[PDB]
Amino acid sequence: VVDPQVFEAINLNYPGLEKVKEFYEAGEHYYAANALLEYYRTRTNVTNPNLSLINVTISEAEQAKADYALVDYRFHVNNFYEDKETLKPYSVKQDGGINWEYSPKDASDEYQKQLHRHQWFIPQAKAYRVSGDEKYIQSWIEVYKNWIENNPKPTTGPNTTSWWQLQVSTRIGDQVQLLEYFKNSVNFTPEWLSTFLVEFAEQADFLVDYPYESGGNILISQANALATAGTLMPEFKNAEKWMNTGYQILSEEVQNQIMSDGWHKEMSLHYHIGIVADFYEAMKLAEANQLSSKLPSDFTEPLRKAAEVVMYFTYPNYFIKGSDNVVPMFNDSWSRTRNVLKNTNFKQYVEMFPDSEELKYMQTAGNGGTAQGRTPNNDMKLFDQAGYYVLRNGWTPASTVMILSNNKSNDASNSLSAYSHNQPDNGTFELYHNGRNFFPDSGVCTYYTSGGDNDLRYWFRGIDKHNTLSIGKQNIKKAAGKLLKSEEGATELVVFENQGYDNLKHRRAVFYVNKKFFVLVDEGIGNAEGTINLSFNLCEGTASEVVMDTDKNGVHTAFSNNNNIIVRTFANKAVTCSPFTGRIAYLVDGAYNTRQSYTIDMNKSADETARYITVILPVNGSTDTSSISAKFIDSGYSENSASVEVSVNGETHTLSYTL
């Protein structure tokens, strides 16, 4: 039957709804709903820049999602598969019906959260458009009806699954498209339209009622969904409220959540890219619908340095073809493809900033493309709000790029607890050199599990699974990174510190010697007593490709392509080299590969400062004859200076700084 609430939700006075209003007022609910269907079938009043219905295509992966949903309710959920090889989702079927509370045995909270995003609906819509097969719309209608009936909105605010703001906002963005994909089907009945529209208004009203209380990315996603609902479905009585609330929150949050160095406050590259996308897409949405006045004239200004962040966080192997990862994976952030960076991220940045020759180069040179524009120079790039420092000798695949992390808690990232997107990893770094990332971050592997097993979650968060200094491999308790000094020149220098523990501060100085190799001078400062661990987590390889030189307090690589490194650590006290098996996860799917790691251990007494010198030397070919030594040449630790001497292949370097 036609749900009479459709006539309460919709403004029957909206231009174009004259036949709907006439039928409704004469008590002809069916013919009114039918007129409303014809209205949606023929309207030309709105434009969604995110959807094109000219020449719709479907990928193999999307086709699998569309088809799996048709048998045993195998509903696609990102990162969760019964059989990954065949992209087979878990079945949510129980006792012949749909169990909306289903979760596989080892699953984090992300299974339930994403199941309620209905991630197979858009694939079914595309499958419908491509095939013309009505089974796809019939499935959507049947399953979405079942969802509606069995997942009532809470009356008090969000829950953590079906009615968590990010689930609701995701559904809204999909549903504005699902209407356009499916509306011409004979199975898209006036009765169905009434239910679809009533439940759409339910989603959007909910988002107005409950602005996400902890801000961050979820609030931005919510605001974008509200702008989308209000702009693209203006026929609803509450649409103006949806749109105005959305654009208002976006105008506020583009200022609130992007720091003065261009970084999103949550300090995750992934979420940074995501919030910039939400802002960009709301701007394009407003522009396409004569609503640019809903946003400030300077709306995109914070996005300029934000796009520059992405440029500096893309490694040079992005410029060639390949299937490997091309970004750092610091904090809750993971792998990213060339195609996503090239044809989504940099595509949007170029569109926003058409005069940037640097972003043009990023977009065009990506994936072995024909380069237009040009890169920045090779100067160090310091992000002193998020705490990231980027050193490089170029932008070419043959170049070297070190990114150091030294993050700093803020109002949107106030915790280092297991559920935080910020890891307790101050001082850690990655190192790209001549096509190989020699120190890729351990990554995420899994999100948090309520009441559950968080072993894997904790494992990947561990400080010693990063490349830094810790005491007793215990996670630091405070992220308050401070940049102390930077110097340009033949040898570049960055010195920074973090008071990670109340009685032990880590100061790390990195000399980029002749912009060729690295010397790290690490100091554990304070009255803490115990074992200090300087940790290193190397690139993947066979046991023969990454080889511990335990007798020499370091490691070397022996890759057949001759692109190698050798690493050696020296110290102010006796040390022990302690290999361990590390791990790296590229996706948030619970999987990982092992890789070689180690710590350099020393006993620190209360009245001592732990001091290490580490040399990281890229070598073309065999590392067998590379010769490294180092020592302190000052009298010991002091607040205001440090001085070391390093010898590499018969050349001696004196490396000193004063604050």
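Residue positions are given as counts along the sequence shown, with the first one as 1.
A.B. asks: Per the PDB record, is the mean Cα temperature factor higher over 94-102 or over 303-311?
C.D. replies: The stretch with the larger mean CA B-factor is 94-102.
A.B. asks: Please compare 619-627 with 49-57 and name the stretch with the higher mean C-alpha B-factor in the deposited structure.
C.D. replies: Taking the mean C-alpha B-factor of 619-627 and of 49-57, the larger value falls to 49-57.
A.B. asks: Would you mind finding, among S399, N407, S333, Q474, the residue with the largest C-alpha temperature factor in the entry?
C.D. replies: Top of the list by C-alpha B-factor: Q474.
A.B. asks: If you compare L587, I137, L269, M380, which has the highest Cα B-factor in the entry?
C.D. replies: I137 has the highest C-alpha B-factor of those listed.
A.B. asks: In terms of the CA temperature factor given in the entry, to which third of its chain does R74 belong: lowest, middle or highest?
C.D. replies: Its C-alpha B-factor belongs to the highest third of this chain's values.
A.B. asks: Consider only the C-alpha atoms of the modelled residues in this chain, order them by B-factor as the entry records it, and name the third containing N34: lowest, middle or highest.
C.D. replies: Middle third, going by the recorded CA B-factors of the chain.
A.B. asks: Quick one: classify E358 as lowest, middle or highest third of the chain based on its Cα B-factor.
C.D. replies: Its C-alpha B-factor, which the entry lists for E358, ranks in the lowest third among residues of this chain.
A.B. asks: Select lowest, middle or highest to describe the third in which the CA B-factor of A288 falls within its chain in this entry.
C.D. replies: Its C-alpha B-factor belongs to the highest third of this chain's values.
A.B. asks: Which third of the chain holds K153 when residues are ordered by C-alpha B factor: lowest, middle or highest?
C.D. replies: Its C-alpha B-factor, which the entry lists for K153, ranks in the highest third among residues of this chain.
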